[PDB]
Amino acid sequence: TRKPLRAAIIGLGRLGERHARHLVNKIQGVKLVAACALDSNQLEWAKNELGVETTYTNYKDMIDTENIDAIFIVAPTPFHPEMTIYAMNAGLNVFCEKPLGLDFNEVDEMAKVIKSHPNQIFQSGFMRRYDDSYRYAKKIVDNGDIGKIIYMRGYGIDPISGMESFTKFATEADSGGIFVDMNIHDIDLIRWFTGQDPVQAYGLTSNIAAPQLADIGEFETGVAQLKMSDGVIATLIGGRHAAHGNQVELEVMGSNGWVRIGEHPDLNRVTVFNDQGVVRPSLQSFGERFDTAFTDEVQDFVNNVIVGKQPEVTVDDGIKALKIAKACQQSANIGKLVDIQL
Amino acid sequence: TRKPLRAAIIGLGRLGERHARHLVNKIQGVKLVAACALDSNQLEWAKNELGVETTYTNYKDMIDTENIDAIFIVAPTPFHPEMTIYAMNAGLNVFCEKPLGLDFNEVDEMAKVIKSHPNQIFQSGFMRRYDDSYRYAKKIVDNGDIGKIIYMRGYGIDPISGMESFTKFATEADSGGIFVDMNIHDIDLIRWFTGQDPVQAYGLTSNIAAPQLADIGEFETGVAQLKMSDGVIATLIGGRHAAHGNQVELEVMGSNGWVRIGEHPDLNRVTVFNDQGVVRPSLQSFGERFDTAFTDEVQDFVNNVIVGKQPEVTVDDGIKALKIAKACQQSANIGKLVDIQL
Amino acid sequence: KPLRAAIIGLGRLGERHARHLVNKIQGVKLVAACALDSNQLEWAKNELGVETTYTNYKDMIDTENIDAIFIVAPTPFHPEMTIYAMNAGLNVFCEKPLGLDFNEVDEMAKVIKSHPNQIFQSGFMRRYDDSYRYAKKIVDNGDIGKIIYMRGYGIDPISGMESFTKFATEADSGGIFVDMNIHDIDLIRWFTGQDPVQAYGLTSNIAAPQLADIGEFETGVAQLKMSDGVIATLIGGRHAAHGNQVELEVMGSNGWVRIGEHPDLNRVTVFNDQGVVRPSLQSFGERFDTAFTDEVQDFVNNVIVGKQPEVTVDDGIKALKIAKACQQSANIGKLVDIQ
Amino acid sequence: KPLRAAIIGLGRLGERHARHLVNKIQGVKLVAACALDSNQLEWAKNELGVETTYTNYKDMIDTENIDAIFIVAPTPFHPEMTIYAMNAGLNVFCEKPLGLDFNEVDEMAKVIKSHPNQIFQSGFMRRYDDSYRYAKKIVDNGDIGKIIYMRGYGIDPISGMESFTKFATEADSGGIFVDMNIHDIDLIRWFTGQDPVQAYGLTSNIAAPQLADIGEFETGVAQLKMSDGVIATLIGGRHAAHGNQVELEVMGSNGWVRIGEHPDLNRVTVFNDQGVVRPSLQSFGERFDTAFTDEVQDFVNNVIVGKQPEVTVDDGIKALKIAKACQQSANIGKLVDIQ
Ligand SMILES: NC(=O)c1ccc[n+]([C@@H]2O[C@H](COP(=O)([O-])OP(=O)(O)OC[C@H]3O[C@@H](n4cnc5c(N)ncnc54)[C@H](O)[C@@H]3O)[C@@H](O)[C@H]2O)c1
Ligand SMILES: NC(=O)c1ccc[n+]([C@@H]2O[C@H](COP(=O)([O-])OP(=O)(O)OC[C@H]3O[C@@H](n4cnc5c(N)ncnc54)[C@H](O)[C@@H]3O)[C@@H](O)[C@H]2O)c1
Ligand SMILES: NC(=O)c1ccc[n+]([C@@H]2O[C@H](COP(=O)([O-])OP(=O)(O)OC[C@H]3O[C@@H](n4cnc5c(N)ncnc54)[C@H](O)[C@@H]3O)[C@@H](O)[C@H]2O)c1
Ligand SMILES: NC(=O)c1ccc[n+]([C@@H]2O[C@H](COP(=O)([O-])OP(=O)(O)OC[C@H]3O[C@@H](n4cnc5c(N)ncnc54)[C@H](O)[C@@H]3O)[C@@H](O)[C@H]2O)c1
Ligand SMILES: [Cl-]
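Respectively, the protein sequence lines represent chains A, B, C and D.
With the working numbering applied, the first sequence covers 127 to 468.
With the working numbering applied, the second sequence covers 127 to 468.
With the working numbering applied, the third sequence covers 95 to 433.
With the working numbering applied, the fourth sequence covers 95 to 433.
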């Protein structure tokens, strides 16, 4: 029927490889013709196992050489602004993973380049908005079935088994810290659910569970309490040392009923009875938890390019969530309350 | 204020010791004066730990020597009829544990002796009727909150840790088989909930989990299906080899809703997170599960003796439950459907 | 080179299968569609881009250039459609059950057996379900010891009653055991590696007394004796208030597993005046959607690679004979010995 | 030989303590009762068999032959009722909290210390609860590793709003943190062995704007920095739809425990048009009935043997200070340092 979109991908790591698989196997109206990474094994895997034509170690070279309509940026956070700016100037439609970046000026310039190319689609990586459970809860809230929102609590905690791959991820490039890396999703959800902005942050951090993270300037746990512009209160917890699995939980406490999303991170529909009692095995990664969400958001992006429609989640939503996460980290660093400026 | 009832107990085993503890510590308007057991150490325990005045190895000696208003028979099932008859004839009020007996001839004579002493209270031991949860579900059903009952499922499975204490219990005396020992409780519950009687039984037995039980003529598992007098269908499962704990479960499946009682045998209100996932520790015995019900039923008996009122659960209820149980056992042994007449 | 495929039937499950074929399945193109409904065919042509539509399935097989056919028409037509396609060289995916008439199913199996270069696959999708596979891996590893007892539930929500009544008046459903429990029967055989030797069936119409007029039963409860000493219970029903209950309990000598104990819709827990609430799934389609996609993908891959599926025609016959033995037991009011 | 006992207060909790004293507690006789309500006093004399009833507690103490007294009167009377009883050479069980005014509690604590032959026990019943003790056992054994974070919830159902509104118009509750989270603070102090050094509190009246008219807050949320690096959250509330939520999460370095994640009424699972439902507890009393019994039994035992309870007066004072810091933090819109 219609000519499929020609696409390229930067990054083939923890999330990169999942996006690449979906891009080849699951996404309609797209052909992944080029891949870029600094790891030679990942590039060989992209070529031989996935059937991607051309591989690159230089992303600028790829954009300069390849005939592509859209690009997927799944490289580390510090590279996001420069990679996006380069692709936007080349005339490309951009899907960039969260966060937008780390430096405020680098993000602002990125935002300026995006706004100057309105004919090109820019989409961020807040996948939890596409997840069926979060949507279902949002629909309940929008219906008035829990009254007015009083309080929201967000958990985002990786399991102990993920300490090796996170360390590599954080050693090789700045992640922005626990609040920026873990809590940013929850920050967007709170903004989405309430329609309000945080005006004050109290952040506390911890290395009790993993003291060796101090060596690389990381905190194992980040706990933040937020005050919103409308009176709603919030707690955010990011962590890396859960024993059961990947905990991703959102609690929305209303004036007339509550909802809890992902109270237990159940793997499947199987209840196990053993010498421990009654067990529910848990999901061990964010990727297995949000696999469908990752697929649906990317399909949405491809559809956005074809139709010529910008995503509901704006650049400003990415900036605001980043500034808030930074504020929580600032609060912990300085040991003071931080009034959020947006 | 008023003279307490003077009571005695026969048997201080798995259930006897719990009854004796409640009788000294929890039950009001009663004083445990004497105890009878064949175990010397159990009798010493009654004197030294509980403060019981006198001890006996012969129950007839105790009944003919002690000044008592009431007796508690927690001796093995075969001794129930002869102990009840002797105690009834001595003017005593009798609380006898379930079941009434094993031989239909012995139980008939026992029932006749109880009928001939209408001024003396007799009470069986179907404690589940006193349990808070079963009562709650019975109220739900009676209010019509599940519509009309169509199906019921009763599970009564001991944990693997109880295998040693059961073998002791079943080698020293005839327990009456798995359907009589385990499933009798659910039979009573089904009769209670429906107001109907079973007309047909299909029973099947298993020694897969423990083949050594055949050496004492016992079956590890007994599964029975029942046709009720007004349409209802029921399944009963008695077992002795669960890994998680003591499973005691009742499902009432209606035309406009269901209820499940004790779907999981949760020990307490603690949820555990470990390398297994999300865990709920389980109850390990019938005595821990039904501790309150055991207390409440004995208190009801004591009140019944004082006020001069026969309990709701009649002798007829015990006979029928025993008959239906033995019909399930017969069905399994003869490999045929058994039509029940009550 | 993608497979050229046709579909017969665009109903409750037919529309779902056709969607997957177009949107999710790799190595295939849905070239043609056949149904008796004009609206369903227009939906297939407009919304799914199906090139050609037919009311006559035989005319479709004889006109279209196709490699595979998906049979999602009513059960009675399964044998003759499978037979016609097999004799025309096609690869066949046929939905459960194989059929109702034992002779037609034997004739059906004969046509399958005489075309060994052609793939035939049935629709036991629960074997592809992530949860069932997980439990099957647990049992195989010896994590629950030996199986002693299994319990299978298949109960539809009240909302489906008015839908089912209209269908069961005009057509033969095969009965409550055949319709609601055949999946559970296959699962028991799969998990145990053994066959039922005896069956006790009971039926009920307490929840829907109006079904007695159309020779149907609202509830069927069956107790089964396995060849190795394992005991099973099957329940089929049509009057659950909470939603679609599909449950398997596998009781072992050293551990139990339960599959779909509660038919949880998603990961949202609700707190309201009723207490603490988990919303439930309302149809088999929503529950086993991924399974429906995976089995169909498996079939496509089987045709391409030229490999017959694990589940045989014999598996489909046996599960049907077992289900019918349960219905017979209830109807004659007697124990039925199975072989 | 039983201890002769009296009770002051027969309201929401007093009525419960009185019943346990008569029906369940061993080694104690409830001889006298004092309240400002005729109906309550008459209920004590008729349904419980209490000999003498009073409307003045001073008259009761000065007349009755008693060894112990239970103070379940309103909080403003706690300091003066304890001092009056301690001076009378009496063993005192006093409900939470010790008081609302720091000067009155300071004087109260000084009197308690000067009578060391008399037992003083407070009302932190959660330390007697089976579930909290089981979780405390896990934490102590090192079965969750090192504590990193803890979260305490105490939320009353909407049904309880009416009785609270009329009460808080009449008397000072001490604020949402003092009234709803004091148990949780003690629990955190008990589980960690550490003390908070800093508090950030925020309040809300979104659910009940009418409470701002009487200087009350419907919801309070606090974050606490503990002295050795542990982080904690406290939430008190009065507008839950499902029932009484009382929950404690202990997040560790190698495992977590959650106590009372759902406030389950019993062991019954309900299946209806809304899905799978667990009915919830509606009050703190029904949730902690056994805890109330066991602590009062422990007090009686303490008086018999002559052993002071593990929970000290400094525990009740510290917990109160911490809760007040949370309230103050919200009221002034600033962080509060705690010493
Ligand atoms: N949405 C989510 O829940 C989610 C989850 C995980 C990661 N992410 C984001 O996705 C991005 C990638 O995360 P990850 O975990 O896959 O990282 P990773 O460490 O696993 O992999 C990084 C990849 O980027 C490539 N790369 C690094 N520098 C490059 C360079 N300058 N030029 C070209 N390629 C380069 C590497 O070869 C590697 O394949 C991060 O920005 C992260 O914030 C989002
Ligand atoms: N209500 C229930 O849920 C329930 C549960 C378990 C047992 N029971 C019933 O309780 C009875 C005993 O149960 P148990 O598990 O404690 O058995 P047990 O073997 O543990 O204890 C039996 C006790 O009776 C004493 N005894 C045996 N023969 C005696 C004799 N002839 N004269 C005097 N004393 C004698 C023994 O010394 C022993 O202490 C059984 O009849 C059983 O059916 C009921
Ligand atoms: N795997 C499962 O759990 C499962 C679930 C539901 C149904 N099924 C099976 O799928 C089949 C269809 O089920 P359904 O619920 O979709 O039925 P349905 O009534 O909803 O749909 C039947 C479809 O077949 C078409 N059709 C009927 N007769 C035809 C004919 N002679 N020629 C061509 N087309 C014809 C109709 O137009 C209709 O579109 C049944 O055989 C059933 O056994 C399996
Ligand atoms: N342990 C807990 O979790 C918990 C829970 C609720 C209440 N409490 C505490 O218990 C105390 C009472 O609580 P409540 O809810 O039962 O109060 P309430 O209002 O329901 O009852 C007060 C009772 O005290 C009596 N009373 C009032 N003034 C008196 C006076 N000056 N002299 C003699 N009697 C007097 C009244 O007659 C009434 O019976 C409070 O101080 C409260 O802080 C503790
Ligand atoms: Cl938004």
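Here a beta-carbon is modelled for each residue, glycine too, at the ideal position from N, C-alpha and C.
Rounding to the nearest angstrom, what Cα-Cα distance links B/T331 and B/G364 in this structure?
Translated into the one-based positions of the second sequence, residue 331 of chain B becomes position 205. Translated into the one-based positions of the second sequence, residue 364 of chain B becomes position 238. For B/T331 and B/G364, the distance between alpha carbons rounds to 9 Å.
Would you call the segment 296-312 of chain D and the segment 332-343 of chain A in contact, with 3 or more CB pairs under 8 Å?
no
Can you list, in chain order, the residues of its chain with a C-beta nearer than 6 Å to that of D/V272? Leave out the 5 residues immediately preceding and following it.
As a first step, residue 272 of chain D is located in the fourth sequence; it is residue number 178 there, counting from the start. Here the set comprises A417.
According to DSSP, is B/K353 part of a helix, a strand, or is it coil?
Stepping through the second sequence from its first residue, residue 353 of chain B is reached at position 227. Reduced to three states, the DSSP call for B/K353 is strand.
Separation of C/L281 from C/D392, as counted between CA atoms:
Position 298 of the third sequence, counting from 1, holds the residue named residue 392 of chain C. Position 187 of the third sequence, counting from 1, holds the residue named residue 281 of chain C. In a straight line, the C-alpha of C/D392 is about 18 Å away from that of C/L281.
Cβ-heavy atom distance between A/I136 and ligand 1 below 7 Å?
On the first sequence, position 10 is the one that residue 136 of chain A refers to. Yes - ligand 1 has a heavy atom lying nearer than 7 Å to the Cβ of A/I136.
Provide the residue(s) that pair with A/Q249 in DSSP beta bridges, ordered along the chain.
Position 123 of the first sequence, counted from the start, is the residue given in the question as residue 249 of chain A. Per DSSP, A/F221.
With distance defined between alpha-carbon atoms, name the residue in B/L226, B/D312, B/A213 nearest to B/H206.
Numbered from its first residue, the second sequence carries residue 206 of chain B at position 80. When only C-alpha atoms are compared, the closest one is B/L226.
Enumerated in chain order, which unbroken segments of the alpha helix (DSSP H) with a length of 4 residues or greater are wholly contained in the segment 248-327 of chain C?
255-264, 270-274, 276-286
Using a Cβ-Cβ cutoff of 7 Å, what residues of the segment 397-411 of chain B are near chain A? List them in chain order.
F399, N400, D401, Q402, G403, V404, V405, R406, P407, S408
Mind listing the chain C neighbours of A/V385? Cutoff is C-beta to C-beta under 8 Å, in chain order.
Indexing the first sequence from 1 puts residue 385 of chain A at position 259. Per Cβ cutoff of 8 Å: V362, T363, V364, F365.
Check whether the Cβ of D/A229 lies closer than 8 Å to any Cβ atom in chain B.
Taking the first residue of the fourth sequence as 1, we reach residue 229 of chain D at position 135. Chain B, which has a Cβ nearer than 8 Å to the Cβ of D/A229, makes this yes.
Can you look up B/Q373 in the DSSP assignment and give me helix, strand or coil?
Sequence index remark: in the second sequence, residue 373 of chain B carries index 247 (1-based). Looking at B/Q373 - three-state DSSP - the assignment turns out to be strand.
A/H390 at chain B interface by Cβ criterion, 8 Å:
Translated into positions along the first sequence, residue 390 of chain A becomes position 264. By this cut-off, A/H390 is an interface position.
Return the first residue and the last residue of the alpha helix (DSSP H) that D/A417 is part of.
Locating residue 417 of chain D in the fourth sequence gives position 323, counting from the first residue. From DSSP, the alpha helix (DSSP H) with D/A417 extends over 407-426.
Taking A/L463 as the query, report the chain D residues whose CB atoms sit under 8 Å from its CB, ordered along the chain.
Taking the first sequence and counting its residues from 1, one reaches residue 463 of chain A at position 337. Per Cβ cutoff of 8 Å: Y294, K428, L429.
Residue closest to C/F218, alpha-carbon to alpha-carbon, out of C/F261, C/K412, C/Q134, C/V364
The residue you call residue 218 of chain C lines up with position 124 of the third sequence. The shortest Cα separation from C/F218 among C/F261, C/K412, C/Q134, C/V364 belongs to C/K412.
Quick one: is the Cβ of B/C222 within less than 7 Å of any heavy atom of ligand 4?
In the second sequence, counting from the first residue as 1, residue 222 of chain B sits at position 96. No, Cβ of B/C222 sits at least 7 Å from all heavy atoms of ligand 4.
Lining residues of ligand 5 - beta-carbon closer than 5 Å to any non-hydrogen atom, in sequence order
A/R317, A/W318
Evaluate contact between the segment 196-207 of chain C and the segment 161-180 of chain C, counting only Cβ atoms and requiring at least three cross-stretch pairs below 8 Å.
yes
Looking at the structure shown, is D/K204 part of a helix, part of a strand, or coil, going by DSSP?
Numbered from its first residue, the fourth sequence carries residue 204 of chain D at position 110. Note: D/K204 maps to helix in three-state DSSP.
Under a CB-based cut-off of 8 Å, is D/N348 close to chain A?
The count along the fourth sequence starts at 1 and reaches residue 348 of chain D at position 254. Closer than 8 Å to some Cβ of chain A, the Cβ of D/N348 qualifies, so yes.
Note down the Cα distance separating B/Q456 from B/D465, rounded to an integer number of angstroms.
For the purposes of this step, residue 456 of chain B is taken as residue 330 along the second sequence, with counting starting at 1. For the purposes of this step, residue 465 of chain B is taken as residue 339 along the second sequence, with counting starting at 1. B/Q456 and B/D465: Cα-Cα distance of roughly 11 Å.
Beta-carbon contacts of B/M214 that lie in its chain and below 7 Å, excluding the five residues immediately before and after:
Counting from one through the second sequence, the residue named residue 214 of chain B turns up at place 88. Hits under 7 Å: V220, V239, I240, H243, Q246.
Sub-8 Å separation of D/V125 and D/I155 beta-carbons:
Translated into positions along the fourth sequence, residue 125 of chain D becomes position 31. Translated into positions along the fourth sequence, residue 155 of chain D becomes position 61. No; because the gap between Cβ atoms is not below 8 Å, this pair is not in contact.
Using a Cβ-Cβ cut-off of 8 Å, state whether B/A369 counts as contacting chain C.
As a first step, residue 369 of chain B is located in the second sequence; it is residue number 243 there, counting from the start. Yes, B/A369 counts as interfacial toward chain C.
Our contact map puts C/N360 next to A/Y262 with C-beta atoms below 8 Å; I'd like the distance itself, whole angstroms only.
The residue labelled residue 360 of chain C in the question sits at position 266 within the third sequence. The residue labelled residue 262 of chain A in the question sits at position 136 within the first sequence. Between A/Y262 and C/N360 the Cβ distance is about 6 Å, and since that is below 8 Å, they are a contact.
Min CB distance C/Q120 to chain A below 8 Å
Within the third sequence, residue 120 of chain C is the residue found at index 26, counting from 1. Taking Cβ atoms only, chain A reaches closer than 8 Å to C/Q120, which makes this a yes.
Does chain C have any CB closer than 8 Å to the CB of B/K173?
Locating residue 173 of chain B in the second sequence gives position 47, where the first residue counts as 1. So, not an interface residue.
D/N117 versus chain B: which residues are under 8 Å apart at the beta carbon?
Locating residue 117 of chain D in the fourth sequence gives position 23, where the first residue counts as 1. Ordered by position in chain B, the residues that pass the 8 Å Cβ test against D/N117 are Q154.
How would you list, in chain order, the residues of chain D whose beta-carbon sits under 7 Å from the beta-carbon of B/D258?
To locate residue 258 of chain B, count along the second sequence from 1; it is residue 132. Ordered by position in chain D, the residues that pass the 7 Å Cβ test against B/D258 are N360.
Taking 7 Å as the line, does the beta carbon of B/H206 fall inside it for any heavy atom of ligand 2?
Counting from one through the second sequence, the residue named residue 206 of chain B turns up at place 80. Yes.
In whole angstroms, give me the CA-to-CA distance for A/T320 and A/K265.
Here the question's residue 320 of chain A lines up with position 194 in the first sequence. Here the question's residue 265 of chain A lines up with position 139 in the first sequence. Looking at the two C-alpha atoms, the distance is approximately 13 Å.
Return the residues of the segment 253-280 of chain D that lie within a Cβ-Cβ distance of less than 9 Å from chain A, sorted by chain order.
none
Please name the residue, chosen from A/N459, A/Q467, A/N429, that lies closest to A/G155 on a Cα-to-Cα basis.
Within the first sequence, numbered from 1, the residue matching residue 155 of chain A stands at position 29. Of the listed residues, the one whose Cα sits closest to A/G155 is A/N429.
Is B/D165 close to ligand 2? I mean its beta-carbon at under 7 Å from any heavy atom of the ligand.
Along the second sequence, one-based indexing puts residue 165 of chain B at 39. It does: the Cβ of B/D165 is within 7 Å (strictly closer) of some heavy atom of ligand 2.
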